[PDB]
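Participant: Pasting work07.csv here (CSV, N, CA and C atoms):
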```csv
chain,number,residue,atom,x,y,z
L,96,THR,N,11.2,-13.1,-5.0
L,96,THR,CA,10.1,-12.3,-5.4
L,96,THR,C,9.2,-11.9,-4.2
L,97,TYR,N,8.4,-10.8,-4.4
L,97,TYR,CA,7.6,-10.3,-3.3
L,97,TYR,C,6.1,-10.6,-3.6
L,98,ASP,N,5.3,-10.9,-2.5
L,98,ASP,CA,3.9,-11.0,-2.6
L,98,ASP,C,3.2,-9.7,-2.9
L,99,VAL,N,3.7,-8.7,-2.2
L,99,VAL,CA,3.1,-7.3,-2.3
L,99,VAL,C,4.1,-6.2,-2.2
L,100,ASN,N,3.8,-5.2,-2.9
L,100,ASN,CA,4.5,-3.9,-2.8
L,100,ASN,C,3.7,-2.8,-2.1
L,101,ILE,N,4.3,-2.0,-1.3
L,101,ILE,CA,3.6,-0.9,-0.5
L,101,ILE,C,3.9,0.5,-1.1
L,102,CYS,N,2.9,1.2,-1.5
L,102,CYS,CA,3.0,2.5,-1.9
L,102,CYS,C,2.4,3.5,-0.9
L,103,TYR,N,3.2,4.4,-0.4
L,103,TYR,CA,2.8,5.2,0.8
L,103,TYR,C,3.6,6.4,0.8
L,104,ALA,N,3.1,7.4,1.5
L,104,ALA,CA,3.7,8.7,1.7
L,104,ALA,C,4.7,8.6,3.0
L,105,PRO,N,5.8,9.2,2.9
L,105,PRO,CA,6.8,9.1,4.1
L,105,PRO,C,6.2,9.6,5.4
L,106,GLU,N,5.2,10.5,5.4
L,106,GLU,CA,4.6,11.0,6.6
L,106,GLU,C,3.9,9.9,7.3
L,107,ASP,N,3.5,8.8,6.6
L,107,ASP,CA,2.8,7.7,7.2
L,107,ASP,C,3.7,6.5,7.5
L,108,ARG,N,5.0,6.7,7.4
L,108,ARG,CA,5.9,5.6,7.5
L,108,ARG,C,5.9,4.8,8.8
L,109,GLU,N,5.6,5.5,9.9
L,109,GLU,CA,5.5,4.9,11.2
L,109,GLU,C,4.5,3.7,11.2
L,110,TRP,N,3.3,4.0,10.8
L,110,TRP,CA,2.2,3.0,10.8
L,110,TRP,C,2.5,1.9,9.7
L,111,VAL,N,3.0,2.4,8.6
L,111,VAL,CA,3.3,1.4,7.5
L,111,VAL,C,4.2,0.4,7.9
L,112,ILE,N,5.3,0.7,8.5
L,112,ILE,CA,6.4,-0.2,8.8
L,112,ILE,C,6.0,-1.0,10.1
L,113,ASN,N,5.6,-0.3,11.1
L,113,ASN,CA,5.4,-0.9,12.4
L,113,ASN,C,4.1,-1.7,12.6
L,114,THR,N,3.1,-1.3,11.7
L,114,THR,CA,1.8,-2.0,11.8
L,114,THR,C,1.6,-2.8,10.6
L,115,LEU,N,1.5,-2.2,9.4
L,115,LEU,CA,1.1,-2.9,8.2
L,115,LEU,C,2.1,-3.9,7.8
L,116,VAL,N,3.4,-3.5,7.6
L,116,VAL,CA,4.4,-4.5,7.2
L,116,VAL,C,4.6,-5.5,8.3
L,117,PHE,N,4.6,-5.1,9.5
L,117,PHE,CA,4.7,-6.0,10.6
L,117,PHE,C,3.7,-7.1,10.6
L,118,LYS,N,2.4,-6.8,10.4
L,118,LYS,CA,1.3,-7.7,10.4
L,118,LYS,C,1.4,-8.6,9.2
L,119,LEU,N,1.7,-8.1,8.0
L,119,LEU,CA,1.9,-8.8,6.8
L,119,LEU,C,3.0,-9.9,6.9
L,120,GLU,N,4.1,-9.5,7.5
L,120,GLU,CA,5.3,-10.4,7.6
L,120,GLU,C,5.0,-11.5,8.6
L,121,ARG,N,4.2,-11.1,9.7
L,121,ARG,CA,3.8,-12.1,10.6
L,121,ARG,C,3.0,-13.1,9.9
L,122,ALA,N,2.2,-12.7,8.9
L,122,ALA,CA,1.3,-13.6,8.2
L,122,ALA,C,2.0,-14.4,7.2
L,123,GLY,N,3.4,-14.2,7.1
L,123,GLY,CA,4.2,-14.9,6.1
L,123,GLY,C,4.1,-14.3,4.7
L,124,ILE,N,3.6,-13.0,4.6
L,124,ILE,CA,3.5,-12.3,3.3
L,124,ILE,C,4.7,-11.5,3.1
L,125,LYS,N,5.3,-11.7,1.9
L,125,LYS,CA,6.6,-11.1,1.6
L,125,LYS,C,6.4,-9.7,1.0
L,126,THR,N,6.9,-8.8,1.7
L,126,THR,CA,6.6,-7.4,1.5
L,126,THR,C,7.8,-6.5,1.0
L,127,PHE,N,7.5,-5.8,-0.1
L,127,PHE,CA,8.4,-4.8,-0.5
L,127,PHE,C,8.2,-3.4,0.1
L,128,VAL,N,9.2,-2.9,0.7
L,128,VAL,CA,9.1,-1.6,1.4
L,128,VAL,C,10.3,-0.8,1.0
L,129,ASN,N,10.2,0.4,0.4
L,129,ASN,CA,11.2,1.1,-0.3
L,129,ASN,C,12.5,1.3,0.6
L,130,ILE,N,12.4,1.7,1.8
L,130,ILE,CA,13.5,2.0,2.7
L,130,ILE,C,14.4,0.9,3.0
L,131,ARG,N,13.9,-0.4,2.8
L,131,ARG,CA,14.7,-1.6,3.0
L,131,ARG,C,15.1,-2.2,1.6
L,132,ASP,N,14.2,-2.3,0.7
L,132,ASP,CA,14.3,-3.2,-0.4
L,132,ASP,C,14.7,-2.5,-1.7
L,133,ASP,N,14.7,-1.1,-1.7
L,133,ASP,CA,15.1,-0.4,-2.8
L,133,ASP,C,16.6,-0.6,-3.1
L,134,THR,N,17.0,-0.5,-4.3
L,134,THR,CA,18.4,-0.6,-4.7
L,134,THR,C,19.0,0.8,-4.8
L,135,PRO,N,20.0,1.0,-3.9
L,135,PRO,CA,20.7,2.3,-4.0
L,135,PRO,C,21.6,2.5,-5.3
L,136,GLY,N,21.5,3.7,-5.8
L,136,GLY,CA,22.2,4.0,-7.1
L,136,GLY,C,21.4,3.7,-8.3
L,137,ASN,N,20.2,3.0,-8.2
L,137,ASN,CA,19.3,2.9,-9.2
L,137,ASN,C,18.4,4.1,-9.2
L,138,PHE,N,17.8,4.5,-10.4
L,138,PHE,CA,16.8,5.6,-10.4
L,138,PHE,C,15.5,5.2,-9.7
L,139,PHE,N,14.8,6.2,-9.2
L,139,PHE,CA,13.6,6.0,-8.5
L,139,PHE,C,12.6,5.2,-9.4
L,140,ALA,N,12.4,5.5,-10.6
L,140,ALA,CA,11.5,4.9,-11.5
L,140,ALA,C,11.9,3.4,-11.7
L,141,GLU,N,13.1,3.1,-11.7
L,141,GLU,CA,13.6,1.8,-11.8
L,141,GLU,C,13.2,0.9,-10.6
L,142,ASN,N,13.4,1.5,-9.4
L,142,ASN,CA,13.0,0.7,-8.2
L,142,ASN,C,11.6,0.5,-8.0
L,143,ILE,N,10.8,1.6,-8.4
L,143,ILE,CA,9.3,1.5,-8.4
L,143,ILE,C,8.9,0.4,-9.3
L,144,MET,N,9.3,0.4,-10.6
L,144,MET,CA,8.9,-0.6,-11.5
L,144,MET,C,9.3,-2.0,-11.2
L,145,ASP,N,10.5,-2.1,-10.7
L,145,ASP,CA,11.0,-3.4,-10.1
L,145,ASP,C,10.0,-4.0,-9.1
L,146,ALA,N,9.6,-3.1,-8.2
L,146,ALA,CA,8.8,-3.5,-7.1
L,146,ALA,C,7.4,-4.0,-7.6
L,147,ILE,N,6.8,-3.2,-8.5
L,147,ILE,CA,5.5,-3.5,-9.0
L,147,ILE,C,5.6,-4.8,-9.8
L,148,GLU,N,6.5,-4.9,-10.7
L,148,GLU,CA,6.6,-6.0,-11.7
L,148,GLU,C,7.1,-7.3,-11.0
L,149,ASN,N,7.7,-7.2,-9.9
L,149,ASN,CA,8.2,-8.3,-9.1
L,149,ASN,C,7.2,-8.5,-7.9
L,150,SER,N,6.0,-7.9,-8.0
L,150,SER,CA,5.0,-8.1,-7.0
L,150,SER,C,3.6,-8.4,-7.6
L,151,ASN,N,2.9,-9.3,-6.9
L,151,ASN,CA,1.6,-9.8,-7.3
L,151,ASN,C,0.6,-8.7,-7.1
L,152,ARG,N,0.7,-7.9,-6.0
L,152,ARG,CA,-0.3,-6.9,-5.8
L,152,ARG,C,0.4,-5.6,-5.3
L,153,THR,N,-0.2,-4.5,-5.4
L,153,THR,CA,0.4,-3.2,-4.9
L,153,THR,C,-0.6,-2.7,-3.8
L,154,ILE,N,-0.2,-2.6,-2.6
L,154,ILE,CA,-1.0,-1.8,-1.6
L,154,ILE,C,-0.8,-0.3,-1.7
L,155,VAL,N,-1.9,0.4,-1.7
L,155,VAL,CA,-1.7,1.9,-1.7
L,155,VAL,C,-2.3,2.5,-0.4
L,156,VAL,N,-1.5,3.2,0.4
L,156,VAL,CA,-1.9,3.7,1.7
L,156,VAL,C,-2.4,5.1,1.6
L,157,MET,N,-3.7,5.3,1.4
L,157,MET,CA,-4.3,6.5,1.1
L,157,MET,C,-4.4,7.4,2.3
L,158,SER,N,-4.1,8.7,2.1
L,158,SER,CA,-4.1,9.7,3.1
L,158,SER,C,-4.0,11.0,2.4
L,159,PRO,N,-4.2,12.2,3.1
L,159,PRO,CA,-4.0,13.5,2.4
L,159,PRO,C,-2.6,13.7,1.9
L,160,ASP,N,-1.6,13.2,2.6
L,160,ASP,CA,-0.2,13.4,2.1
L,160,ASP,C,0.1,12.5,0.9
L,161,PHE,N,-0.5,11.4,0.9
L,161,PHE,CA,-0.3,10.5,-0.3
L,161,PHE,C,-0.6,11.2,-1.6
L,162,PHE,N,-1.8,11.9,-1.5
L,162,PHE,CA,-2.3,12.6,-2.7
L,162,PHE,C,-1.7,13.9,-3.0
L,163,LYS,N,-0.7,14.3,-2.2
L,163,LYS,CA,0.1,15.5,-2.6
L,163,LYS,C,1.5,15.0,-2.9
L,164,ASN,N,1.8,13.7,-3.0
L,164,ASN,CA,3.1,13.2,-3.2
L,164,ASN,C,3.2,12.7,-4.6
L,165,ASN,N,4.2,13.3,-5.3
L,165,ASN,CA,4.4,13.1,-6.7
L,165,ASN,C,4.7,11.7,-7.1
L,166,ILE,N,5.7,11.1,-6.4
L,166,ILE,CA,6.2,9.8,-6.5
L,166,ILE,C,5.1,8.7,-6.3
L,167,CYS,N,4.3,9.0,-5.3
L,167,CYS,CA,3.1,8.1,-4.9
L,167,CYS,C,2.1,8.0,-6.1
L,168,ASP,N,1.8,9.2,-6.6
L,168,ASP,CA,0.8,9.3,-7.7
L,168,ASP,C,1.2,8.6,-9.0
L,169,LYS,N,2.5,8.7,-9.3
L,169,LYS,CA,3.1,8.0,-10.5
L,169,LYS,C,3.0,6.5,-10.5
L,170,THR,N,3.3,6.0,-9.3
L,170,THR,CA,3.2,4.6,-8.9
L,170,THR,C,1.8,4.0,-9.1
L,171,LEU,N,0.9,4.7,-8.6
L,171,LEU,CA,-0.5,4.3,-8.6
L,171,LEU,C,-1.0,4.1,-10.0
L,172,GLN,N,-0.7,5.0,-10.9
L,172,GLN,CA,-1.1,5.0,-12.3
L,172,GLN,C,-0.7,3.7,-13.0
L,173,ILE,N,0.6,3.3,-12.7
L,173,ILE,CA,1.1,2.1,-13.2
L,173,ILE,C,0.4,0.9,-12.5
L,174,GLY,N,0.2,1.0,-11.2
L,174,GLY,CA,-0.5,0.0,-10.5
L,174,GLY,C,-1.9,-0.4,-11.0
L,175,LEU,N,-2.6,0.6,-11.5
L,175,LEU,CA,-3.9,0.5,-12.1
L,175,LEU,C,-4.0,-0.5,-13.3
L,176,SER,N,-2.8,-0.7,-13.9
L,176,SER,CA,-2.7,-1.7,-15.0
L,176,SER,C,-2.5,-3.1,-14.5
L,177,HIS,N,-2.4,-3.2,-13.2
L,177,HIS,CA,-2.3,-4.5,-12.5
L,177,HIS,C,-3.4,-4.6,-11.5
L,178,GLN,N,-3.1,-5.0,-10.3
L,178,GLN,CA,-4.0,-5.1,-9.2
L,178,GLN,C,-3.5,-4.3,-8.0
L,179,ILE,N,-4.4,-3.5,-7.4
L,179,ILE,CA,-4.0,-2.7,-6.3
L,179,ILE,C,-5.0,-3.0,-5.2
L,180,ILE,N,-4.5,-2.8,-3.9
L,180,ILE,CA,-5.3,-2.9,-2.7
L,180,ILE,C,-5.3,-1.6,-2.0
L,181,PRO,N,-6.4,-0.7,-2.2
L,181,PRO,CA,-6.3,0.5,-1.5
L,181,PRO,C,-6.8,0.4,-0.1
L,182,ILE,N,-6.0,1.0,0.8
L,182,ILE,CA,-6.3,1.2,2.2
L,182,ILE,C,-6.5,2.6,2.5
L,183,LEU,N,-7.6,2.9,3.1
L,183,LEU,CA,-7.9,4.2,3.7
L,183,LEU,C,-7.3,4.3,5.1
L,184,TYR,N,-6.1,4.9,5.2
L,184,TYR,CA,-5.4,5.0,6.4
L,184,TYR,C,-5.9,6.2,7.2
L,185,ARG,N,-5.9,7.3,6.5
L,185,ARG,CA,-6.5,8.5,7.1
L,185,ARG,C,-7.5,9.1,6.1
L,186,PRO,N,-8.6,9.7,6.7
L,186,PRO,CA,-9.6,10.3,5.9
L,186,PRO,C,-9.1,11.4,5.0
L,187,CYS,N,-9.5,11.5,3.8
L,187,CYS,CA,-9.0,12.4,2.8
L,187,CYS,C,-10.0,12.5,1.6
L,188,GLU,N,-9.7,13.5,0.8
L,188,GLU,CA,-10.4,13.6,-0.5
L,188,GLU,C,-9.8,12.6,-1.4
L,189,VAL,N,-10.6,11.5,-1.7
L,189,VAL,CA,-10.1,10.5,-2.6
L,189,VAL,C,-10.4,11.0,-4.1
L,190,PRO,N,-9.3,11.0,-4.9
L,190,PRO,CA,-9.5,11.4,-6.3
L,190,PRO,C,-10.4,10.6,-7.0
L,191,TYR,N,-11.0,11.1,-8.1
L,191,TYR,CA,-12.1,10.4,-8.9
L,191,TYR,C,-11.6,9.0,-9.3
L,192,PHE,N,-10.4,8.9,-9.7
L,192,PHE,CA,-9.9,7.6,-10.2
L,192,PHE,C,-9.7,6.5,-9.1
L,193,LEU,N,-9.8,6.8,-7.8
L,193,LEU,CA,-9.8,5.7,-6.8
L,193,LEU,C,-11.2,5.8,-6.2
L,194,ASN,N,-12.0,6.7,-6.7
L,194,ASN,CA,-13.2,7.0,-6.0
L,194,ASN,C,-14.3,6.1,-6.4
L,195,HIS,N,-14.0,5.1,-7.2
L,195,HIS,CA,-14.9,4.1,-7.6
L,195,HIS,C,-14.3,2.7,-7.4
L,196,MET,N,-13.3,2.7,-6.6
L,196,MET,CA,-12.6,1.5,-6.3
L,196,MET,C,-12.8,1.1,-4.8
L,197,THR,N,-13.2,-0.1,-4.6
L,197,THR,CA,-13.5,-0.5,-3.2
L,197,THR,C,-12.2,-0.5,-2.4
L,198,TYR,N,-12.3,0.0,-1.2
L,198,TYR,CA,-11.1,0.1,-0.4
L,198,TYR,C,-11.3,-0.5,1.0
L,199,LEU,N,-10.2,-0.8,1.7
L,199,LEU,CA,-10.3,-1.1,3.1
L,199,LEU,C,-10.2,0.1,4.1
L,200,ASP,N,-11.2,0.3,4.9
L,200,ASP,CA,-11.3,1.5,5.7
L,200,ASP,C,-10.8,1.2,7.1
L,201,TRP,N,-9.5,1.5,7.3
L,201,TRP,CA,-8.9,1.3,8.6
L,201,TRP,C,-9.5,2.2,9.7
L,202,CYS,N,-10.0,3.3,9.3
L,202,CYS,CA,-10.6,4.3,10.2
L,202,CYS,C,-11.9,3.7,10.7
L,203,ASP,N,-12.5,2.8,10.0
L,203,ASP,CA,-13.8,2.2,10.4
L,203,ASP,C,-13.7,1.1,11.4
L,204,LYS,N,-13.8,1.4,12.7
L,204,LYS,CA,-13.5,0.5,13.8
L,204,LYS,C,-14.4,-0.7,13.6
L,205,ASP,N,-15.7,-0.4,13.2
L,205,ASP,CA,-16.7,-1.4,13.1
L,205,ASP,C,-16.3,-2.4,12.1
L,206,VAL,N,-15.4,-2.0,11.1
L,206,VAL,CA,-15.0,-3.0,10.1
L,206,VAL,C,-13.5,-3.4,10.4
L,207,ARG,N,-13.0,-3.0,11.5
L,207,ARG,CA,-11.7,-3.5,11.9
L,207,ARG,C,-11.5,-5.0,12.0
L,208,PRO,N,-12.5,-5.7,12.6
L,208,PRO,CA,-12.4,-7.2,12.8
L,208,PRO,C,-12.2,-8.0,11.5
L,209,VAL,N,-12.5,-7.4,10.4
L,209,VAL,CA,-12.3,-8.1,9.1
L,209,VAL,C,-11.3,-7.5,8.2
L,210,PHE,N,-10.7,-6.4,8.7
L,210,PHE,CA,-9.7,-5.7,7.9
L,210,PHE,C,-8.5,-6.6,7.5
L,211,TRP,N,-7.9,-7.2,8.4
L,211,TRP,CA,-6.7,-8.0,8.2
L,211,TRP,C,-7.0,-9.3,7.4
L,212,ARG,N,-8.1,-9.9,7.8
L,212,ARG,CA,-8.6,-11.1,7.2
L,212,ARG,C,-8.8,-10.8,5.7
L,213,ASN,N,-9.5,-9.7,5.3
L,213,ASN,CA,-9.8,-9.4,3.9
L,213,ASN,C,-8.5,-9.0,3.2
L,214,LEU,N,-7.6,-8.3,3.8
L,214,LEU,CA,-6.4,-7.9,3.2
L,214,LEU,C,-5.6,-9.2,2.8
L,215,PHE,N,-5.4,-10.1,3.8
L,215,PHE,CA,-4.6,-11.2,3.6
L,215,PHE,C,-5.2,-12.3,2.7
L,216,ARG,N,-6.6,-12.3,2.8
L,216,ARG,CA,-7.3,-13.2,1.9
L,216,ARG,C,-7.2,-12.8,0.5
L,217,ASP,N,-7.3,-11.5,0.2
L,217,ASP,CA,-7.1,-11.0,-1.1
L,217,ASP,C,-5.8,-11.2,-1.7
L,218,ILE,N,-4.7,-11.0,-0.9
L,218,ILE,CA,-3.4,-11.3,-1.4
L,218,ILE,C,-3.2,-12.7,-1.8
L,219,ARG,N,-3.7,-13.6,-0.9
L,219,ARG,CA,-3.5,-15.1,-1.2
L,219,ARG,C,-4.5,-15.7,-2.1
L,220,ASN,N,-5.6,-15.0,-2.3
L,220,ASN,CA,-6.8,-15.5,-3.1
L,220,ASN,C,-7.3,-16.8,-2.6
```
Please express the file's structure as structure tokens.

Facilitator:
Amino acid sequence: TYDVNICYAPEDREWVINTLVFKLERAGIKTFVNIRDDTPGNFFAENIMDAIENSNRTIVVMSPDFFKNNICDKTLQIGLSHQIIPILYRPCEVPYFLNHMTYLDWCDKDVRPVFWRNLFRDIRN
């Protein structure tokens, strides 16, 4: 099983894999990332639901491209019935329904010293 699933737009994949997943895995956190862990020949919705239901938390990597991505949006809605960890990766118009959810602001350098601490602390409780 996975500790966390990552929901993200492909345009942000560089940072997601090389930074976010990298740091999580270094921290011993077991991470689901579609391009590795998805099952080929399964339907998209099947792999999504597998990931969420076999994960304790869902990370959502917010950006302008995220909010234009259909697959990303569908995943979020289901994630709201569990626990999500929103990360503000790039500034964007956050939709109303994440607009009242506390997030991690990666763009906020002044809050960078506690970014990873808070993320990891939340996943492990």

Participant: Please run DSSP on the backbone and report, as JSON, numbers by chain, all residues within segment 116-201 of chain L that come out as helix (DSSP H, G or I).

Facilitator: {"L": [116, 117, 118, 119, 120, 121, 129, 130, 131, 132, 139, 140, 141, 142, 143, 144, 145, 146, 147, 148, 161, 162, 163, 165, 166, 167, 168, 169, 170, 171, 172, 173, 174, 191, 192, 193]}

Participant: If you measure from atom CA of residue 199 of chain L to atom C of residue 181 of chain L, what distance in Å do you get, rounded to one decimal?

Facilitator: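 Distance between the two atoms: 5.0 Å.
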
Participant: Kindly give the distance, in Å, that separates atom CA of residue 148 of chain L and atom CA of residue 188 of chain L, rounded to a single decimal.

Facilitator: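 Going from atom CA of residue 148 of chain L over to atom CA of residue 188 of chain L covers 28.3 Å.
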
Participant: Please determine, counting only C-alpha atoms, which residue among L:183, L:124, L:154, L:115 has the shortest atom-to-atom distance to residue 171 of chain L.

Facilitator: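 Smallest distance to residue 171 of chain L is found for L:154.
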
Participant: Report the distance between atom CA of residue 130 of chain L and atom CA of residue 157 of chain L in Å, rounded to one decimal place.

Facilitator: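 Going from atom CA of residue 130 of chain L over to atom CA of residue 157 of chain L, I get 18.4 Å.
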
Participant: As a list in words, please: the residues near segment 158-166 of chain L (cut-off 6.5 Å, only N, CA and C atoms, same-chain neighbours under 3 positions excluded).

Facilitator: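 Counting only N, CA and C atoms, the residues come to residues 103, 104, 169, 170, 171, 183, 184, 185, 186, 187 and 188 of chain L.
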
Participant: Can you check which residues of chain L DSSP gives as strand (DSSP E) on the backbone and send them as a list in words?

Facilitator: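 Strand (DSSP E) assignments inside chain L correspond to residues 97, 98, 99, 100, 101, 102, 126, 127, 150, 151, 152, 153, 154, 155, 156, 157, 179, 180, 181, 182, 183, 199 and 200 of chain L.
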
Participant: Mind checking which residues fall within 10 Å of residue 174 of chain L, counting only C-alpha atoms, ignoring those fewer than 5 positions away in the same chain, and posting them as a list in words?

Facilitator: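 The residues satisfying every condition are residues 100, 102, 144, 147, 148, 152, 153, 154, 155, 168, 169, 179 and 180 of chain L.
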
Participant: I want to know what sits within 8 Å of segment 206-218 of chain L, based on only N, CA and C atoms, with residues of the same chain fewer than 5 positions away left out; could you give that as a ChimeraX atom specification?

Facilitator: /L:98-99,119,122,151-152,180,199-201

Participant: Could you check the closest approach to residue 113 of chain L for each of L:134, L:96, L:202, L:128 and tell me which residue wins, using only C-alpha atoms?

Facilitator: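 For residue 113 of chain L, the nearest of the candidates is L:128.
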
Participant: Which one is closest to residue 178 of chain L: L:150, L:132, L:194, L:121? Count all atoms listed in the file.

Facilitator: L:150
